[PDB]
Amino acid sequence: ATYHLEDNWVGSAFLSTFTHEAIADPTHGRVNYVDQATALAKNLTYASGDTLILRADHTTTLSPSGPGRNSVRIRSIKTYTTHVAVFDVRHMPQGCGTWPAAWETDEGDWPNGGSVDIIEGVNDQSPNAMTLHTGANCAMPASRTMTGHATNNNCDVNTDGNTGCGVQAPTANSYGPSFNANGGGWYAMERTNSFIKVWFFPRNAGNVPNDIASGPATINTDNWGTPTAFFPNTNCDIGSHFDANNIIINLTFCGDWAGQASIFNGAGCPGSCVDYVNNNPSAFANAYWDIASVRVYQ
């Protein structure tokens, strides 16, 4: 469980080690994903000093017949198999309609190269969800050692209604306005051939491993306590369902999950998701990631 520093991304480093994907939203959201040149001119991406900002447009009222709300989706140039990824996150997007994620995938053969969500939710609904999506023959035992709570235990996208196999973080400050109020915190994900684990440490935690908080060149996950989410290989050959994955950090709106009326409305958001996102730009002034660092160890 000992790893050594492979990549250390801070501020402007993200501009040369990740790309912006100006792509049609694969989850069909009310979003216009812009390229890196456009992101920078329009200040949707700001990457300077010890800060990366990734945000949505919070000034434009959308044309109902035009493209969605301007936002960004960044993807690491490098891919990883057995590794630990540590995200020091000060702020994540909030707002009705928002659907932010920090995750890993191989887009080129989805779902067969797998996907793991480290940070994800919709419509400001805490807590955080940590979820795997795979092809066939991957499930999770009903009970295993973690602080979080499992919801769906079948990871196979074709037989699970695309929910994946997920775990809910135990605290509200894992996600959303609550996370943001607390100054964020740290997410760490360890992936091996045998398992995937995610740990969350709130910004104010008295027990955050120095490994995680200070980012030295050597880490040891044995010292990190029980994971928030645990995906063992009891009923899933982990290595055979995941290949080399890029890291992706993005913000979409509405679409296949967040945009469902029951979900959007069930979260206390008014009206329809698309109309809300069209007509309330100032409601997304806080729809930003503020990232202090992402580090990868191998």
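We number the residues from 1 along the sequence you see.
On average the C-alpha atoms of 145-153 have higher B-factors than those of the other stretch, with 145-153 and 77-85 being the two compared.
Per the PDB record, of the two stretches 26-34 and 268-276, 268-276 carries the greater mean B-factor over its C-alpha atoms.
Note on 113, 121, 202, 227: the highest value goes to 113, judged by CA B factor as recorded.
Set against one another, the Cα B-factors of 235, 252, 246, 260 in the record reach their highest point at 260. Compared with the other modelled residues of the chain, the Cα B-factor recorded for residue 171 ranks in the middle third. Among the modelled residues of the chain, residue 185 sits in the lowest third by CA temperature factor in this PDB entry. Residue-level temperature factors show residue 165 in the middle third of its chain, judged at the C-alpha atom.
In the deposited entry, the Cα temperature factor of residue 206 places it in the highest third of its chain's modelled residues. In the PDB entry, residue 100 places in the lowest third of its chain by CA B-factor.
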